[PDB]
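These notes concern the structure reproduced below.
The sequence lines fix the lettering, A, B, ..., with proteins before strands; numbering per chain opens at 1.
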Amino acid sequence: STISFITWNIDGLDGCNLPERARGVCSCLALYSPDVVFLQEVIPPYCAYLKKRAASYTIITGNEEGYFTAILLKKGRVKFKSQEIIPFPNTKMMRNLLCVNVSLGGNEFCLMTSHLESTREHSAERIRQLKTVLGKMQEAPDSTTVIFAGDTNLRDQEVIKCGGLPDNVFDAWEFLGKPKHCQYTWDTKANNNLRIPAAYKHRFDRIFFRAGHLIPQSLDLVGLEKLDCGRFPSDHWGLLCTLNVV
Amino acid sequence: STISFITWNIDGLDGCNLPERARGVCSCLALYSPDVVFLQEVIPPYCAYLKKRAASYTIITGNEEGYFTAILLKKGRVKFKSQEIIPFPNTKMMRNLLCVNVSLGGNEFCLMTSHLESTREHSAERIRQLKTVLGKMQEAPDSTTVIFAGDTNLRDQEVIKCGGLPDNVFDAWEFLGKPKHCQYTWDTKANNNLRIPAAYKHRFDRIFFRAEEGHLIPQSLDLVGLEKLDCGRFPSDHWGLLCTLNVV
DNA sequence: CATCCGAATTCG
DNA sequence: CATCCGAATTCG
Ligand SMILES: [Mg+2]
Ligand SMILES: [Mg+2]
Ligand SMILES: [Mg+2]
Ligand SMILES: [Mg+2]
């Protein structure tokens, strides 16, 4: 009666120490052994690495132009049924919504990920993309459990500007009472991969789910351990979440 | 019967061709002979020049640190009564509100000018300053006619963001039906003093007046400072605004 | 003695 | 092969 998953922007666009960082991401995958992994900022060579070092995950992608998202499904645990790609017609960064329908146990899921439009200056487009995601979450068949997990790039004000989440969609971190230990998934004071001398902190990485049949049990940051090469696996922390279906 | 005035950011911060440009500004003052002139971005030497080349105007200033505003009063037409400076506590650019009470044509006026906080990213402070100005315009007794004219640096929606003009305060341009001939007072297409390649057009320079019972009615609004000087540059990067109003 | 537009870029 | 924060600066 459970699903566990990681969502993680793994910064494929950072060319520094990629082999070692991919190894570290694959270490987290082996150690935490989630059913599903949502990845953003993947690049082709990174896929090839996951194919050898996380071989028990099926990699589902849509378009692979430049950098992209992927959903990884644990073989034997998760059965793929179908995929759907929802475009963001006004994106300037090749962003979109990747949806995968799966079965895990006797439970049907619609798993979605995206990397929403980046940077402060593209707030209006990022908000339009969010609304597109939220609308698609609501369209899913009543019997299916919908989970979105991704790099939303959202900051102060924006979700409110959007009019807030609909009454049957919830943010897992909010649902769990806004625990302080995972309140930031991108934090330049704690993570120095970008060498930014300022301390800025954001909750860019978020999980939304439609529902009280679905109950988040835990949420934790992963990728917190600096690698021997002196770099974190990514500039983002990953999020590990377990949900119970009641 | 009337009042005429010019408001003009004369770009004292542009150090090139200042003497010819000052000569150009003084030419406009002689030719249009306004009762009052509201100037922004004045610098000390520029004041010195006006005292010689527009010597029939009394120059009224508040603080003179760096660059500043001034209000010029035509000697014999306008009688100075008093001045008041209202500070903008959160300014990072030494901006403030300069108010001068005067008598003109047997009528009493409170004339105000300011150079509101500059640049796009200082919208919040600029809006707070606008509120301060608009609030100050309501304080004078109804008998006194209140006129604000200055470089407001305002752009799209900022006035709405502020709650809009109160019901007894009007923008002279809007009042006159938004005439296209003087819409933009800062225009990089038509004015090349900053040599900006792009075409940006703004209405930074604005005139607000308090009416109530229609005792003050704008008659005309025109751009001044449109004539290129011998050096192939204009007096300022802004056009000035010449306005005439009837006291009814 | 300088600033000013604003999209792109730099740099802390 | 790159991006990414955000204030400050560059340059069209
Ligand atoms: Mg990145
Ligand atoms: Mg200037
Ligand atoms: Mg600037
Ligand atoms: Mg940037």
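Judged as a salt bridge (charged side-chain N to carboxylate O under 4.0 Å, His left out), and not counting sequence neighbours, the contacts of B:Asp35 are B:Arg77. Take A:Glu84 and apply the salt bridge (charged side-chain N to carboxylate O under 4.0 Å, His left out) test, not counting sequence neighbours, and it matches A:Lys136.
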Notebook entry, point to check: When every nucleotide of nucleotides 2-12 of chain C is labelled 5' to 3' by its protein contacts under 4.0 Å (heavy atoms), B for base, S for sugar-phosphate only, - for none, what sequence of letters results?
Noted result: BBBBSS----B
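C:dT9 and D:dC4 have their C1' atoms separated by 14 Å, with the value rounded to a whole Å. Separating the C1' atom of C:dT3 from that of D:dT10 is a span of 15 Å, rounded to the nearest Å.
When each of A:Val36, A:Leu73, A:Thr113 is tested with A:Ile60 by the rule side chain to side chain contact (heavy atoms under 4.5 Å, CB included), just one qualifies, namely A:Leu73.
South is the pucker assigned to the sugar of C:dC1, its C1'-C2'-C3'-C4' torsion being negative.
Taking CZ from B:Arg155 and CZ from B:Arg126, the interatomic distance works out to 5.0 Å, rounded to the nearest 0.5 Å.
In this structure, the side chains of B:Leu134 and B:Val169 come closer than 4.5 Å at one or more pairs of heavy atoms.
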